[PDB]
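Remarks on the structure that follows.
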Amino acid sequence: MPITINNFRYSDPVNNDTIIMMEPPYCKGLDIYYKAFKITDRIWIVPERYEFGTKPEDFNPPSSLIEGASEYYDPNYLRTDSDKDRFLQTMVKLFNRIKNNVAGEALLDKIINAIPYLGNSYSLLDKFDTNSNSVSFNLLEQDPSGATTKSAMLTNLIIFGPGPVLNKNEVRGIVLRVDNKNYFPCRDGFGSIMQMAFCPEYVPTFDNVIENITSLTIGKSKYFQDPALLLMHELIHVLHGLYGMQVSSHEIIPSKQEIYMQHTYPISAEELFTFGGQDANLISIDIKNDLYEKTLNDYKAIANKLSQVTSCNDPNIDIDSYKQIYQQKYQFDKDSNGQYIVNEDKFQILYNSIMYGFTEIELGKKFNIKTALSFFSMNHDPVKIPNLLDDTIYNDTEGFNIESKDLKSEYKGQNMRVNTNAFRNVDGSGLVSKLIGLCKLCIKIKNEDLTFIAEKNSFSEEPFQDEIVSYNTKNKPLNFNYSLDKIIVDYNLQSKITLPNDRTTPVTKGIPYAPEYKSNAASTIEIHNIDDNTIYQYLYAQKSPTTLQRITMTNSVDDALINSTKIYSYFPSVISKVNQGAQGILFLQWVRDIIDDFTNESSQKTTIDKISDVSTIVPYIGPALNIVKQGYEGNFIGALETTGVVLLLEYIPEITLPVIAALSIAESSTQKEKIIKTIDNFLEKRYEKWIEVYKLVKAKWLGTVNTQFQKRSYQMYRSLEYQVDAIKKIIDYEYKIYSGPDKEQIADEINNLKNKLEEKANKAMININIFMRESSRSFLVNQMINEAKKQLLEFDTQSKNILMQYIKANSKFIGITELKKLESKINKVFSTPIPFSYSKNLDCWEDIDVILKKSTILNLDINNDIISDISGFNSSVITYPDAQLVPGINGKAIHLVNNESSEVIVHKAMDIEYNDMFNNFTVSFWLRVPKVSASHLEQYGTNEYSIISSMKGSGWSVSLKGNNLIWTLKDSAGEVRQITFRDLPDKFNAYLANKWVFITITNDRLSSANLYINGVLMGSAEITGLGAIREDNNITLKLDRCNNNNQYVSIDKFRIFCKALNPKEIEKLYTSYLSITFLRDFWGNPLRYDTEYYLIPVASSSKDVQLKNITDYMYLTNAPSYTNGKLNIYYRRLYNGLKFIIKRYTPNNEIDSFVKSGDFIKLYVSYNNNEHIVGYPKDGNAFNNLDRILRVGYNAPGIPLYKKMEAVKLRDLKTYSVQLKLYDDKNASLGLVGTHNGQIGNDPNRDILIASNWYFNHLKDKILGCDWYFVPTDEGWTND
Ligand SMILES: CC(=O)N[C@H]1[C@H](O[C@@H]2[C@H](O[C@]3(C(=O)O)C[C@H](O)[C@@H](NC(C)=O)[C@H]([C@H](O)[C@H](O)CO)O3)[C@@H](O)[C@H](O[C@H]3[C@H](O)[C@@H](O)[C@H](O)O[C@@H]3CO)O[C@@H]2CO)O[C@H](CO)[C@H](O)[C@@H]1O[C@@H]1O[C@H](CO)[C@H](O)[C@H](O[C@]2(C(=O)O)C[C@H](O)[C@@H](NC(C)=O)[C@H]([C@H](O)[C@H](O)CO)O2)[C@H]1O
Ligand SMILES: [Zn+2]
């Protein structure tokens, strides 16, 4: 099964197998040849620049660009034989990186097995044809005596080096010339050779700025992209081409009218589907249907075409072998005659896998590579990566994000502020941009800084037309997605189908013409002469001079433009202070007053009562960006109250909809009885209209309105950078001039308060991004969708009077059968509106998995040390500097210490903010509290502190008081209801004594609220007759009012459901977090190699393990306990008995620290600062000759010692136990490790440690003597 990647050097000799001389498809007949190398099955690499269709002068750098983002040119790339070897070696490493993940293995396999059809729309119907440059290329094979021989070969993909532009990779199918037109077999369903132009060293860069999640220690930062994902991106385009499903219509065109508008290339639907995420909804649902239907016709044509094939131009090709392959590829069935047909259920799955399965965003996640979340995210200048062939920079299992260099965490290997050895800037000679001038003083602006705004005529109007319903009209699926996990699962189950030999007869039919290269070169810049000040002048006015000179801040934009030393600002309190030169006073108050003024100015928030949707408004947007209304100087909030959020948009969109044509009924015939399916269809197709029009509005919003709100954030980030940079330069001049005695000592505290600026500008961007994100949403959900609802209601009322005039016309066929009188009352459904869903369609009201997913409204997960919400409503999650990460139940958990900085804040999405008020909800999470000491119960036992809460006032909270766990509701009136859980006194079996436990708190309003722990009911309280609950916007995870400075907790899998869960649903939720893959220690954390552990038997938990002597046996003895009557606590003392260490039986270089079930291991006892092996000696003493007595550090000359053990988890999934299986020399089971009562030699009676196969016949017992706790020493448990 596993895919193989060939190795070679460019100098290696031609071998007529994996290294050949190729005549490429657009050199057909010309006898031009190039050395080419077979990377794997059906994929060739040609180390040459993509020159097809070009002139030599195209490769040189132009002065300016016509369209798009920046482009790097260099004619000398890939010129020499060293350059070509560098290219070849680098592509091999990138293919190896792809193969080393199962998601990339799966992608490669689909590509390889998707062979092009031998023929197309303009070939002979009865014949497989290989004579075409669309499916075959010629090659030259030399003999010993130099005697050449023309041959040919079928293939799927050929990879070349880049065209004129190095940083713009391309994928194209072969074009055919038919009746003086271009024909593409990769768009008709047949497929063809696909040709790639790829450059691995020159990569795009992006940033962090718009994202919902934010860490105050990460800040904002630029990242560069991993070339392997860039390769996979292009490979997805190849995959579409090979299945003949390439998409060329329905492009999104940018508007170019206004100056602020971005001049990009037209965005294809191909690129939006390939990238993935939310921006694939730029193509409306109705357009997705036309595409689906087009490919279905195409594949039907091919099914009929394939059925009629009886010969081929190649004698050697077995025809039946290819037909089985094409039936496999295209997912055809056979009918009873033997002709190939399209099974539509099978087609729907195939179609969805290819278009909507593999995306850049999903591959990013599987590979742990960072990507941008939006297609409109900002691009910066590209960088280059000179050392891809250095494993200290880039390796074939982790790329840049190497764990052994602490570069996996937070994608730091890609972060440009951290991993500075991995990249270098490109030299300016070859880098060209699209710039525009703004003259008033002329300033130049990069095209990358402008705003994309879509042309209106690029969106569909098919949903406003007349749809004719009949008896036999079908439903539109409305389902265009496919899980990448499902593709991997199916890939593993595949039987290994094998391709035919790919040599064929010589190729002569094609035409050696590539389409002409379309130049992006421009001679001049577009220059605009303007009267007034736009946003770009306001930002240019904030730029500091690149020189260490006296600087000042003014509130006049024109002052700052003209005067070099002066800078524009919108913070009055900060302007006052920085201009004032502090004379005769210490810097303490001087500098502090610069900082805590900037804090007070930058942190401003407010709300507008009239706008419910927007939780956060930042008033200083207007002055910073010149967003102001006539007769509202210094009054931004007044402008928002009157106009609304549309004030923020530079381009004001036309949000009207035309008349939605009412449905018509054409099925007049009532020849057959029960023609009531015509009534069903009409009602279905009415439901489809609402979804079609809703999604069309969403598409237009994304391309036209949301893009504007995104650029506001980027603009605000630039200004906050400029302002902060000005201040950090102001403060340095007054420090250099300062000639005081304290100067040398105070230097570190000055630089300490300059980092404090960055901290508060980051806190401001959190406010700003909330503001722009929620405003954009508000404008969609209110303004734009109301216009849809108006025309959708008009559409309904009209369409009923067509429906019921048809029921009246055929009224005599449905009476006297409970059908007519039933179906006036059925039109309650027609009276009800169909609601709009901005994010996730939630259903709070039989399959337990589906009920839980469908009702989840918040769900915290940690991936690569980033906490985020994976529920579907992407709530903002803010992680503060001293929130920490520790081992969790499946990954990592949040850890909270007792200081101001240790905090995680979840600002709820606007789609869910009032779900607490009147309705039921469940809260669930994993909890780990350390065992409270004797002293700390005396001191703090009274002190109640909260750990998680949503209180303003009104809300809910989770809290701890001594060894008691407390749930607390609280309404708007002030009424309080509570549950209190008293923890068990036996701390070895207690729920709040240093183990991971699963909490679940259901709330039914018309009943009681219940507390569960590990799926078991522990407390209850009556909620009935409690007022409406009005929460805070945020949910805080923090220790609050806790006097113990040493106190800490750990929280994992925080989750909120929009219903009250029943106990069957809680049982499934609890068990779903418990896997068999990784083993666990006594505390619930992952079991580890090379770590000391005390063993306790689960069946006799009061016992410790002891050693009679070295070279001898182990046995059980009682463990001391601790007791305390007045505090009501007792337990067996931990950390007595032997220490055990687990090591790998067969060690390897690169493995994890974690012990997986099924691992083969050696076990040692650590005694007297020495590690002695545990095992069974050959023919050694055993009870009943079957229960085999274990020995520690046994060594006799002749006798062997069996020591091979397997760490496994065979029973009792809820308990943190482990079993251990001993083997002999030849993989025969000597038994699981446990105990047996008896007497060795003349010793006393003891429970001696053994290995026995007896345990295998009692694995269903409640308590069993082969289950072991592995207990490490832990800070959260010490003996009193
Ligand atoms: C009871 C006993 O002594 N069992 C030990 C066993 O002895 C053999 C015979 O036992 C069976 C059995 O497993 O029950 C009888 C079955 O019919 C046999 N099944 C077959 C052939 O299909 C089965 C097999 O032969 C073996 O499993 C091997 O595959 O053995 C036992 O009945 C017999 O007893 C008599 C005999 O009838 C007469 O000739 C004469 O009166 O004397 C003998 C000796 O008593 O002898 C057989 C031996 O030749 O042999 C196995 C060897 O694998 C074990 O030693 C087994 O003892 C058990 O060993 C395990 C692992 O070492 C634990 O030590 C068990 O201890 C615990 C436990 O569950 O962990 C400790 C608990 O504290 C204890 N609880 C209490 C309250 O006492 C339990 C409890 O005794 C129960 O047995 C639990 O089910 O045991 C230990 O019992
Ligand atoms: Zn692309």
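In the structure tokens, chains take letters A, B, ... by order of appearance, with residues numbered from 1 within each chain and ligands from 1 in the order shown.
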Check which residues fall inside 7 Å of ligand 2 when counting only C-alpha atoms and all ligand atoms, and print them as a tab-separated table (two decimals) with C-alpha atoms, in the first residue's frame.
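Printed below is result_30.tsv as written:
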chain	number	residue	atom	x	y	z
A	233	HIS	CA	-2.77	23.64	-2.71
A	234	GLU	CA	-1.70	23.21	-6.35
A	237	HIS	CA	-6.10	21.89	-8.62
A	271	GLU	CA	-9.63	29.07	-5.85
A	274	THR	CA	-9.62	24.97	-2.94
Determine, using only C-alpha atoms and all ligand atoms, which residues of chain A have any atom at most 12 Å from an atom of ligand 1, and tabulate each with its shortest atom pair and distance in Å to one decimal place, rows ordered by chain and then rising number, as a Markdown table.
| residue | atom | partner | partner_atom_place_in_ligand_line | distance |
| --- | --- | --- | --- | --- |
| A:1097 | CA | ligand 1 | 70 (O) | 10.4 |
| A:1098 | CA | ligand 1 | 70 (O) | 10.9 |
| A:1099 | CA | ligand 1 | 70 (O) | 7.9 |
| A:1100 | CA | ligand 1 | 73 (O) | 8.7 |
| A:1182 | CA | ligand 1 | 55 (O) | 9.1 |
| A:1183 | CA | ligand 1 | 55 (O) | 6.0 |
| A:1184 | CA | ligand 1 | 49 (O) | 5.4 |
| A:1185 | CA | ligand 1 | 52 (C) | 7.3 |
| A:1186 | CA | ligand 1 | 53 (O) | 4.8 |
| A:1187 | CA | ligand 1 | 62 (O) | 5.0 |
| A:1188 | CA | ligand 1 | 62 (O) | 8.0 |
| A:1189 | CA | ligand 1 | 62 (O) | 9.3 |
| A:1190 | CA | ligand 1 | 62 (O) | 11.7 |
| A:1230 | CA | ligand 1 | 53 (O) | 10.8 |
| A:1231 | CA | ligand 1 | 53 (O) | 9.4 |
| A:1232 | CA | ligand 1 | 61 (C) | 9.0 |
| A:1233 | CA | ligand 1 | 61 (C) | 8.8 |
| A:1234 | CA | ligand 1 | 61 (C) | 6.5 |
| A:1235 | CA | ligand 1 | 64 (O) | 5.2 |
| A:1236 | CA | ligand 1 | 64 (O) | 3.3 |
| A:1237 | CA | ligand 1 | 64 (O) | 5.9 |
| A:1238 | CA | ligand 1 | 64 (O) | 8.8 |
| A:1246 | CA | ligand 1 | 64 (O) | 11.0 |
| A:1247 | CA | ligand 1 | 64 (O) | 8.0 |
| A:1248 | CA | ligand 1 | 64 (O) | 8.8 |
| A:1249 | CA | ligand 1 | 62 (O) | 8.5 |
| A:1250 | CA | ligand 1 | 62 (O) | 6.6 |
| A:1251 | CA | ligand 1 | 62 (O) | 7.3 |
| A:1252 | CA | ligand 1 | 61 (C) | 5.9 |
| A:1253 | CA | ligand 1 | 53 (O) | 6.6 |
| A:1254 | CA | ligand 1 | 53 (O) | 4.9 |
| A:1255 | CA | ligand 1 | 61 (C) | 6.6 |
| A:1256 | CA | ligand 1 | 27 (O) | 9.6 |
| A:1257 | CA | ligand 1 | 27 (O) | 8.1 |
| A:1258 | CA | ligand 1 | 85 (O) | 7.8 |
| A:1259 | CA | ligand 1 | 69 (O) | 10.7 |
| A:1260 | CA | ligand 1 | 85 (O) | 11.4 |
| A:1261 | CA | ligand 1 | 85 (O) | 8.9 |
| A:1262 | CA | ligand 1 | 69 (O) | 10.7 |
| A:1263 | CA | ligand 1 | 69 (O) | 8.3 |
| A:1264 | CA | ligand 1 | 70 (O) | 6.1 |
| A:1265 | CA | ligand 1 | 70 (O) | 4.5 |
| A:1266 | CA | ligand 1 | 70 (O) | 7.6 |
| A:1267 | CA | ligand 1 | 70 (O) | 10.2 |
Output the selection as an mmCIF file, in the first residue's frame - C-alpha atoms for each residue.
data_model
loop_
_atom_site.group_PDB
_atom_site.id
_atom_site.type_symbol
_atom_site.label_atom_id
_atom_site.label_comp_id
_atom_site.auth_asym_id
_atom_site.auth_seq_id
_atom_site.Cartn_x
_atom_site.Cartn_y
_atom_site.Cartn_z
ATOM 1 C CA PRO A 1097 -3.109 -2.816 43.259
ATOM 2 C CA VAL A 1098 -6.637 -1.553 42.466
ATOM 3 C CA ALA A 1099 -8.163 -4.654 44.102
ATOM 4 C CA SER A 1100 -6.222 -4.091 47.384
ATOM 5 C CA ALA A 1182 5.688 -20.858 40.201
ATOM 6 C CA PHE A 1183 2.486 -21.535 42.196
ATOM 7 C CA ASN A 1184 0.674 -24.582 40.723
ATOM 8 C CA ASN A 1185 3.312 -24.450 37.904
ATOM 9 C CA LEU A 1186 1.233 -21.613 36.356
ATOM 10 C CA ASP A 1187 1.272 -18.417 38.470
ATOM 11 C CA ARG A 1188 4.876 -17.366 37.723
ATOM 12 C CA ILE A 1189 6.907 -15.724 40.549
ATOM 13 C CA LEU A 1190 8.642 -12.490 39.493
ATOM 14 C CA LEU A 1230 3.308 -15.985 30.206
ATOM 15 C CA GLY A 1231 0.423 -13.977 31.752
ATOM 16 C CA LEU A 1232 -0.756 -10.649 33.145
ATOM 17 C CA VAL A 1233 1.021 -9.245 36.220
ATOM 18 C CA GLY A 1234 -0.899 -9.652 39.536
ATOM 19 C CA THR A 1235 -0.648 -11.422 42.933
ATOM 20 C CA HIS A 1236 -1.105 -14.852 44.579
ATOM 21 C CA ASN A 1237 -1.173 -15.815 48.293
ATOM 22 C CA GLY A 1238 1.470 -18.369 49.344
ATOM 23 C CA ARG A 1246 2.675 -13.412 51.637
ATOM 24 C CA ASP A 1247 0.750 -12.050 48.627
ATOM 25 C CA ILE A 1248 3.626 -12.506 46.164
ATOM 26 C CA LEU A 1249 3.819 -10.664 42.810
ATOM 27 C CA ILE A 1250 3.337 -12.982 39.801
ATOM 28 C CA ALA A 1251 2.435 -13.287 36.102
ATOM 29 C CA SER A 1252 -0.478 -15.627 35.236
ATOM 30 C CA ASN A 1253 -2.795 -16.360 32.282
ATOM 31 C CA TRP A 1254 -5.631 -17.087 34.788
ATOM 32 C CA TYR A 1255 -6.663 -13.393 34.664
ATOM 33 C CA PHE A 1256 -7.764 -13.704 30.993
ATOM 34 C CA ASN A 1257 -10.809 -15.764 32.072
ATOM 35 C CA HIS A 1258 -12.052 -13.125 34.595
ATOM 36 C CA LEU A 1259 -11.797 -9.762 32.768
ATOM 37 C CA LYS A 1260 -15.559 -9.081 33.327
ATOM 38 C CA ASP A 1261 -15.214 -9.015 37.169
ATOM 39 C CA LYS A 1262 -15.973 -5.793 39.068
ATOM 40 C CA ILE A 1263 -12.680 -5.900 40.982
ATOM 41 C CA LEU A 1264 -9.648 -7.813 39.646
ATOM 42 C CA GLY A 1265 -6.135 -8.446 40.950
ATOM 43 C CA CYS A 1266 -4.192 -7.579 37.743
ATOM 44 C CA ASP A 1267 -5.162 -3.852 37.670
#
Residue contacts of residue 836 (chain A) (9 Å, only C-alpha atoms) excluding same-chain residues fewer than 2 positions away, as a list in words: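 Returned residues: residues 690, 691, 694, 781, 785, 834, 838 and 841 of chain A.
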Residues within 8 Å of residue 768 (chain A), please, as a VMD selection string. Count only C-alpha atoms; anything in the same chain fewer than 2 positions from it doesn't count. chain A and resid 616 to 618 713 716 764 to 766 770 to 772
Report as a ChimeraX atom specification all protein, DNA and RNA residues lying within 10 Å of residue 25 (chain A), evaluated on only C-alpha atoms, omitting residues in the same chain fewer than 3 positions from it. /A:22,28-29,132-138,158,174-175,193,195,507,510-514
Which region 461-508 of chain A residues have any atom within 10 Å of an atom of region 108-121 of chain A, and for each, what is the nearest pair of atoms with distance in Å to one decimal, counting only C-alpha atoms, rows sorted by chain and number, as a tab-separated table?
residue	atom	partner	partner_atom	distance
A:491	CA	A:109	CA	8.5
A:497	CA	A:113	CA	8.4
A:498	CA	A:113	CA	8.4
A:499	CA	A:113	CA	7.5
Just the selected residues (N, CA, C and O atoms), exported as a PDB file, in the first residue's frame, please.
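In the end it all went to again_24.pdb:
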ATOM      1  N   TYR A 491      -9.964   5.836   2.635  1.00  0.00           N
ATOM      2  CA  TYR A 491      -8.657   5.528   2.041  1.00  0.00           C
ATOM      3  C   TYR A 491      -7.999   4.283   2.662  1.00  0.00           C
ATOM      4  O   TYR A 491      -7.434   3.460   1.942  1.00  0.00           O
ATOM      5  N   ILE A 497      -5.946  -1.338  -5.947  1.00  0.00           N
ATOM      6  CA  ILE A 497      -6.089  -1.397  -7.420  1.00  0.00           C
ATOM      7  C   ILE A 497      -4.805  -0.934  -8.132  1.00  0.00           C
ATOM      8  O   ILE A 497      -4.155   0.019  -7.691  1.00  0.00           O
ATOM      9  N   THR A 498      -4.461  -1.616  -9.230  1.00  0.00           N
ATOM     10  CA  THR A 498      -3.168  -1.440  -9.912  1.00  0.00           C
ATOM     11  C   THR A 498      -3.329  -0.948 -11.351  1.00  0.00           C
ATOM     12  O   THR A 498      -4.136  -1.476 -12.111  1.00  0.00           O
ATOM     13  N   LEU A 499      -2.527   0.046 -11.717  1.00  0.00           N
ATOM     14  CA  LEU A 499      -2.619   0.676 -13.022  1.00  0.00           C
ATOM     15  C   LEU A 499      -1.871  -0.134 -14.082  1.00  0.00           C
ATOM     16  O   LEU A 499      -0.962  -0.894 -13.750  1.00  0.00           O
TER      17      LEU A 499
END
Atom-to-atom span, CA of residue 395 (chain A) and CA of residue 93 (chain A), Å: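 Interatomic distance here is 8.2 Å.
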From a backbone DSSP assignment, name each residue in region 884-1026 of chain A labelled helix (DSSP H, G or I), as a ChimeraX atom specification. /A:910-912,934-940,987-989
Writer output for current selection, N, CA, C and O atoms, as an mmCIF file, in the first residue's frame:
data_model
loop_
_atom_site.group_PDB
_atom_site.id
_atom_site.type_symbol
_atom_site.label_atom_id
_atom_site.label_comp_id
_atom_site.auth_asym_id
_atom_site.auth_seq_id
_atom_site.Cartn_x
_atom_site.Cartn_y
_atom_site.Cartn_z
ATOM 1 N N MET A 910 -22.541 37.049 19.413
ATOM 2 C CA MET A 910 -23.850 37.713 19.480
ATOM 3 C C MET A 910 -25.029 36.807 19.154
ATOM 4 O O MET A 910 -26.134 37.066 19.618
ATOM 5 N N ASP A 911 -24.795 35.746 18.382
ATOM 6 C CA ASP A 911 -25.815 34.707 18.145
ATOM 7 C C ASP A 911 -26.266 33.925 19.400
ATOM 8 O O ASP A 911 -27.309 33.266 19.343
ATOM 9 N N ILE A 912 -25.513 33.980 20.508
ATOM 10 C CA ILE A 912 -25.841 33.184 21.713
ATOM 11 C C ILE A 912 -25.986 33.962 23.041
ATOM 12 O O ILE A 912 -26.138 33.335 24.094
ATOM 13 N N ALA A 934 -3.848 19.955 55.773
ATOM 14 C CA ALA A 934 -4.418 20.091 57.116
ATOM 15 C C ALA A 934 -4.455 21.563 57.541
ATOM 16 O O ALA A 934 -5.516 22.087 57.910
ATOM 17 N N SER A 935 -3.291 22.214 57.446
ATOM 18 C CA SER A 935 -3.138 23.652 57.712
ATOM 19 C C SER A 935 -4.100 24.516 56.912
ATOM 20 O O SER A 935 -4.759 25.385 57.477
ATOM 21 N N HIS A 936 -4.179 24.277 55.605
ATOM 22 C CA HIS A 936 -4.989 25.127 54.720
ATOM 23 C C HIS A 936 -6.506 24.937 54.888
ATOM 24 O O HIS A 936 -7.276 25.827 54.519
ATOM 25 N N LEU A 937 -6.937 23.804 55.443
ATOM 26 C CA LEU A 937 -8.347 23.649 55.841
ATOM 27 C C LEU A 937 -8.665 24.451 57.115
ATOM 28 O O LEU A 937 -9.778 24.965 57.263
ATOM 29 N N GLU A 938 -7.693 24.540 58.027
ATOM 30 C CA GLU A 938 -7.829 25.353 59.242
ATOM 31 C C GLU A 938 -7.859 26.852 58.909
ATOM 32 O O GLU A 938 -8.744 27.569 59.374
ATOM 33 N N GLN A 939 -6.908 27.309 58.094
ATOM 34 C CA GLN A 939 -6.816 28.727 57.718
ATOM 35 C C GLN A 939 -7.953 29.173 56.809
ATOM 36 O O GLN A 939 -8.626 30.168 57.094
ATOM 37 N N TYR A 940 -8.168 28.434 55.721
ATOM 38 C CA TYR A 940 -9.018 28.905 54.622
ATOM 39 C C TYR A 940 -10.362 28.199 54.458
ATOM 40 O O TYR A 940 -11.169 28.634 53.648
ATOM 41 N N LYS A 987 -9.854 10.494 51.302
ATOM 42 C CA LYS A 987 -9.238 11.290 50.227
ATOM 43 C C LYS A 987 -8.620 10.470 49.090
ATOM 44 O O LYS A 987 -8.405 10.998 47.995
ATOM 45 N N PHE A 988 -8.350 9.191 49.338
ATOM 46 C CA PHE A 988 -7.924 8.287 48.276
ATOM 47 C C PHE A 988 -9.027 8.062 47.237
ATOM 48 O O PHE A 988 -8.723 7.857 46.065
ATOM 49 N N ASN A 989 -10.289 8.094 47.668
ATOM 50 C CA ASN A 989 -11.436 7.919 46.770
ATOM 51 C C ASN A 989 -12.240 9.210 46.569
ATOM 52 O O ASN A 989 -13.379 9.159 46.109
#
Would you pick out the contacts of region 467-476 of chain A at 12 Å or less, using only C-alpha atoms, so that residues sharing its chain but fewer than 6 positions from it are not included, and give the list as JSON, numbers by chain? {"A": [285, 286, 287, 288, 289, 290, 292, 293, 348, 660, 661, 662, 663, 664, 665, 666, 667, 668, 669, 670, 671, 672, 674, 675, 676, 677, 678, 679, 680, 681, 682, 683, 684, 685, 686, 687, 688, 689, 691, 692, 799, 802, 803, 806]}
Near residue 1272 (chain A), counting only C-alpha atoms, which residues have an atom at most 9 Å away, once you skip same-chain residues fewer than 2 positions from it, shown as a VMD selection string? chain A and resid 1081 to 1083 1091 to 1094 1135 1270 1274
CA of residue 1240 (chain A) to CA of residue 1114 (chain A), straight-line distance in Å: 11.1 Å
What are the closest atom pairs, with distances in Å to one decimal, for all residues of region 197-218 of chain A lying within 12 Å of region 369-392 of chain A? Consider only C-alpha atoms, order rows by chain and residue number, and present the result as JSON lines.
{"residue": "A:199", "atom": "CA", "partner": "A:384", "partner_atom": "CA", "distance": 10.3}
{"residue": "A:200", "atom": "CA", "partner": "A:385", "partner_atom": "CA", "distance": 8.2}
{"residue": "A:201", "atom": "CA", "partner": "A:385", "partner_atom": "CA", "distance": 4.9}
{"residue": "A:202", "atom": "CA", "partner": "A:384", "partner_atom": "CA", "distance": 4.4}
{"residue": "A:203", "atom": "CA", "partner": "A:382", "partner_atom": "CA", "distance": 5.5}
{"residue": "A:204", "atom": "CA", "partner": "A:382", "partner_atom": "CA", "distance": 4.8}
{"residue": "A:205", "atom": "CA", "partner": "A:380", "partner_atom": "CA", "distance": 5.6}
{"residue": "A:206", "atom": "CA", "partner": "A:379", "partner_atom": "CA", "distance": 5.0}
{"residue": "A:207", "atom": "CA", "partner": "A:378", "partner_atom": "CA", "distance": 6.9}
{"residue": "A:208", "atom": "CA", "partner": "A:372", "partner_atom": "CA", "distance": 7.8}
{"residue": "A:209", "atom": "CA", "partner": "A:377", "partner_atom": "CA", "distance": 8.8}
{"residue": "A:210", "atom": "CA", "partner": "A:377", "partner_atom": "CA", "distance": 7.9}
{"residue": "A:211", "atom": "CA", "partner": "A:373", "partner_atom": "CA", "distance": 7.9}
{"residue": "A:212", "atom": "CA", "partner": "A:373", "partner_atom": "CA", "distance": 10.4}
{"residue": "A:213", "atom": "CA", "partner": "A:373", "partner_atom": "CA", "distance": 11.8}
Emit the selected residues as a short mmCIF file (atom, residue, chain, number, x, y, z; two decimals), in the first residue's frame, including C-alpha atoms.
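Result file out.cif:
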data_model
loop_
_atom_site.label_atom_id
_atom_site.label_comp_id
_atom_site.auth_asym_id
_atom_site.auth_seq_id
_atom_site.Cartn_x
_atom_site.Cartn_y
_atom_site.Cartn_z
CA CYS A 199 8.74 27.48 -7.07
CA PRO A 200 9.54 26.19 -3.55
CA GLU A 201 11.90 28.90 -2.15
CA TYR A 202 9.78 32.07 -2.65
CA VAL A 203 6.78 32.16 -0.31
CA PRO A 204 3.81 34.36 0.65
CA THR A 205 3.56 36.08 4.03
CA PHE A 206 0.48 36.95 6.05
CA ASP A 207 -0.50 38.07 9.56
CA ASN A 208 -2.51 37.63 12.72
CA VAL A 209 -4.49 40.86 12.94
CA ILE A 210 -8.20 40.07 12.24
CA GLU A 211 -8.43 36.79 14.26
CA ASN A 212 -10.97 36.31 17.11
CA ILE A 213 -8.55 34.47 19.42
#
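Of the listed residues (A:504, A:313, A:963, A:447), A:447 comes nearest to residue 69 (chain A); the distances count only C-alpha atoms.
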Separation of CA of residue 393 (chain A) from CA of residue 161 (chain A) in Å: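 Separation between CA of residue 161 (chain A) and CA of residue 393 (chain A): 22.9 Å.
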